[PDB]
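Here you'll find one protein chain in two forms, each presented separately as structure tokens under the names structure 1 and structure 2.
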Structure 1
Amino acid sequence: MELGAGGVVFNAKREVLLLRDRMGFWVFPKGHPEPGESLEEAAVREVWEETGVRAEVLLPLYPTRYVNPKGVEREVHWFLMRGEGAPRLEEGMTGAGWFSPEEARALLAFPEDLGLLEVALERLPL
């Protein structure tokens, strides 16, 4: 099992930050933690690296699990964050943007991420 760390980032308009990967799936930004990094610290870094968005962690969510196309099981730990700014795609990505919850529900590729979105919304401060 390979650990991952990422963020469910919202802006002041309560829109969520989504990214479209190389396989064309809309998901949340996440990546591998470096040795010595807390998962929260790694999530903030991955968000910045993959979307060019500076975010601040509000509170922890919960981990999701799945097996990627290469047969590797992943356990990604998520954090609710707040951020602003236009996104920037890093090499590999096929899309990125801010989305209303309604739009996200219609774009997110996986069930694990839909539930994550709803819980994040329940805990997002007004």
Structure 2
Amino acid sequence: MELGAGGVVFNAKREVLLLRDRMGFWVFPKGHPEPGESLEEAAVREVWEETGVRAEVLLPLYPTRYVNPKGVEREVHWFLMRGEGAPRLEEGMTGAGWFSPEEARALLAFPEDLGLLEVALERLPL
């Protein structure tokens, strides 16, 4: 299986960072860890590479699993992160921004991501 590292990033206004892929789906930023890289380090780096936002890991959430369109099993480990500043649309992306929990609940494309959002909010320091 191929591990992945992703982030549910929140700013000081308790808004979450979402990106819209080439297919028009709103999702959380995630990527592949490099050799010898901890998943936490990978999450920080992938968030920067995928959104242009500098973020830090606050706490671990939980992993999600699925089989990619090519038949490969993926297990993405998610982290609750705090970030600031405005994002930028990376190559292929069709949208990016900060959203309130209510707005995110209405935009997230993948069903499993709704649960991630709620657990992230429960653990995010008030």
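What we label the rigid core is the largest C-alpha set whose atoms superpose within 1.5 Å from one form to the other. Counting starts at 1 with the first residue of structure 1 and goes up one by one along its sequence.
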Which number, 1 or 2, marks the form solved in complex with ligand 5FA?
1
Given a cut-off of 2 Å on Cα movement between structures 1 and 2, rigid core as reference, pick the single residue from 34, 73, 49, 41 that exceeds or meets it.
73
Taking the rigid core as the frame of reference, how far in Å is the Cα of residue 118 displaced between structures 1 and 2?
0.1
What Cα shift, in Å, does residue 89 show between structures 1 and 2 once the core is superposed?
1.5
